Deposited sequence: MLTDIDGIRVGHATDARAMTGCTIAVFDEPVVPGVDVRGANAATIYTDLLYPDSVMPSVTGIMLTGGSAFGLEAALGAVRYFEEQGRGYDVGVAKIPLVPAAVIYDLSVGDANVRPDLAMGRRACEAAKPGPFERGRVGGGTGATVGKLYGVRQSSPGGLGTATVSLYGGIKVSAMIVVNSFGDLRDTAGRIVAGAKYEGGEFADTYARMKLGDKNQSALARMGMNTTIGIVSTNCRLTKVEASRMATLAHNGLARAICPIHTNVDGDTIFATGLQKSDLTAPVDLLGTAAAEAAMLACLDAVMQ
């Protein structure tokens, strides 16, 4: 539960008829951010300010949205909302908020013509609150599917999931993940819990079938996604937040196979607090971020 971390509120906007939506994490306490874009087909906005050799931005929130490339318009909706509320970097003549975002492709379920837009991004911001939030097919996970080797028609439902890992000394690492993976999702024993299905409903085993020669028939296959946020209540430097984002992908690798494919836009954002007493080695935090991400992947499909 991402809101276990100080200062974070989460809001969804959900369109259950079109099967799309967006989710925003809003930061009421200043954060130090990082990012790792590992998939080969990602669409994002504002990620350059999240690398270690860029200046320290003022990140107002981070958004996970559907709508493919179109859905980044909801991030601009959030930017406009935050400016009206008086948040963002103060340049005297204006305040400039920043809402980095990454997308999934969810246009092949429901209505392809409806995508998160300026208004939907505002709605998610308005709805953002502390405490527990809903998981499953809501917000950015509304139109998510898993296991697209044979097309969306033989896929399993995806979703939005969350988990918190507790360490010593009050340290926490939490994740919030939208699972829309090309590949199958497995538990810790290696059983398939969501994935590509044969016509009658048994799991095919995507990787096994690909080794035998079955070819990718998903909508994006002709050009040659799991997105999420990992957050800690530790203080981080920019270099450490980017290292945490990099290590968190290991958790995706343990749950999802194949992962980081040519049709995946896999992206992890990471945050720590600018002002906190708590510190810990980044390799430990990163390992816990991997565990949190893995658990959040499973959460997405059991809710």
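Missing segments of the deposited chain sequence, listed N- to C-terminal: Residues missing from the model, as numbered along the full deposited sequence, span only 225 to 226.
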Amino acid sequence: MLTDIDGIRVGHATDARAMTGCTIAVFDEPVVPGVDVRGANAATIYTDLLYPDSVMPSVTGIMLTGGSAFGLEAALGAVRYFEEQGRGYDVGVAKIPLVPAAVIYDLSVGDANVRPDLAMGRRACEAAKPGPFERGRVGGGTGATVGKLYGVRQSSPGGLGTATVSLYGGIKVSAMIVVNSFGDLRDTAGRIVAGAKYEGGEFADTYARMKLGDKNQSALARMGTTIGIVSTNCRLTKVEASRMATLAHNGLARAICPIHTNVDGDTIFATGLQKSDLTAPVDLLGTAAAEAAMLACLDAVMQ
From here on, numbers count along this sequence of modelled residues.
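Average Cα temperature factor in the PDB entry - higher stretch of 155 to 163, 190 to 198: Stretch with the higher mean C-alpha B-factor: 190 to 198.
Mean Cα B-factor comparison, 84 to 92 or 144 to 152, giving the higher one as deposited: The deposited B-factors put 84 to 92 ahead on the C-alpha mean.
Which of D36, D48, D264, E29 ranks first by CA B-factor in the deposited coordinates: Most elevated C-alpha B-factor of the set, per the entry: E29.
Residue, from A78, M223, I227, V173, that the PDB entry assigns the highest Cα B-factor: Each of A78, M223, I227, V173 was compared by C-alpha B-factor; the highest is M223.
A25, C-alpha B-factor rank within chain (lowest, middle or highest third): Its C-alpha B-factor belongs to the lowest third of this chain's values.
Cα B factor band for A18 (lowest, middle or highest third within the chain): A18: CA B-factor falls in the highest third of its chain.
Third of chain Cα B-factors occupied by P258: Middle third by C-alpha B-factor.
Entry-reported Cα temperature factor of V301, expressed as the chain third it lands in: It falls in the top third of the chain.
Third of the chain, ranked by Cα B-factor, where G286 sits: Its C-alpha B-factor, which the entry lists for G286, ranks in the lowest third among residues of this chain.
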